[PDB]
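Would you be able to build a 3D model of this:
(one chain, ligands or ions: 2)
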Amino acid sequence: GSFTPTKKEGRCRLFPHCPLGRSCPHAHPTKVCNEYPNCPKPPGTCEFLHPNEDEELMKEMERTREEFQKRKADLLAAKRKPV
Ligand SMILES: [Zn+2]
Ligand SMILES: [Zn+2]
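Numbers count the residues shown, from 1 in each chain. Ligands and ions are numbered 1, 2, ... in the order given. Below is the structure in question.
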């Protein structure tokens, strides 16, 4: 932990599982970084994605995407059949 009066260095913490992705004040990483691997941001502060540090974050994004795909597969398999 820590006891300093300092504010956040970037990056949202509930993400990808955050409901305010429209008006939330903290950075949702939804794009691959312009300057990776050369980035001065420590792991868990950059506005973008890094296919080495934030590689587990890309896995968490795929996890919620395949969950949402399974929810859409159930919708198209109701009053209708999959094909
Ligand atoms: Zn957020
Ligand atoms: Zn970066």
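
measure residue 65 to residue 78 for me?
Per Cβ to Cβ, to the nearest Å, residue 65 is found 21 Å from residue 78. (C-beta placed from N, C-alpha, C; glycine too.)

Repeat that for residue 56.
34 Å.

do the same with residue 70
For residue 70, the distance to residue 78 - Cβ to Cβ - is 13 Å.

neighbour count winner among the two?
Remark: of residue 70 and residue 78, residue 70 carries more neighbours, 10 against 7, as counted by other Cβ atoms under 10 Å.

so the more buried one, which of the three states?
Following DSSP: H, G, I helix; E, B strand; the rest coil, residue 70 is assigned to helix.

show me what contacts the most centrally placed residue in the chain?
By Cα atoms, centre = their mean, the mean C-alpha position of the chain lies nearest to residue 16, the distance being 3.6 Å. Residues near residue 16 by Cβ atoms under 8 Å, 6 or more residues apart in numbering: 28, 57, 60, 61, 64.

who's in contact with the second one?
Counting by Cβ under 8 Å, 6+ apart, residue 57 makes contact with 16, 29, 49.
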